[PDB]
């Protein structure tokens, strides 16, 4: 019952500000201090600060003092985090987390929101270019062949990738996206299949990118 629900993913440009919200359900919002913690992709956890939802009093990590701002609206059981003067270093997942707050002091963060992804970039929204990774003509007789799709130059995350509209799932590896030096994301999705199936079974990767409202279906065949 005791849960924190956070607002959805955001993109902002450098220098701008982002406001994320966190609403408490299943307990008394004013009964526990609330922390904000962020996690950059592939990195650990960094404490931003905390707020007393009853009083509104805050203590901010001094690294963020005057840049990050915590507020609350008691009527709607909601806490807000304003991260201002954004740079790419602020990209990451932002969590609100309740403290048990025994003895009116920090004890441990026992209820966490689901996190809010914040991407800070000057890149423009772009759907991916989808290119075939074609199965080798040297694929092993009676053996296993690999093929795939290169999903390149899109912004922001995420894309969804399926094979044959979901009918092919076994042996699929859709790799974590990497941020290219250009500021656009890229990944490959590969699948291993029987060599006997080449030419006999059609393979199509389905790549959807909601921010750009794009859907691509790319047939992948021996060259």
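Positions refer to the first chain, counted from 1.
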item: Residue range whose averaged C-alpha B-factor is higher in the record, 31-39 or 173-181; value: 173-181
item: Entry-level comparison of average CA B-factors, 118-126 and 141-149, reporting the higher stretch; value: 141-149
item: Deposited CA B-factor, highest of 50, 163, 64, 155; value: 64
item: Selection from 202, 21, 17, 213 [criterion: highest C-alpha temperature factor in the record]; value: 213
item: Modelled-residue ranking by C-alpha temperature factor, third containing residue 82; value: middle
item: CA B-factor ranking of residue 90, expressed as a third of its chain; value: middle
item: Chain third (lowest, middle, highest) by recorded CA B-factor, residue given as residue 135; value: highest
item: Relative C-alpha B-factor of residue 104, binned into the chain's lowest, middle or highest third; value: middle
item: Third assignment of residue 55 from its chain's C-alpha B-factors; value: highest
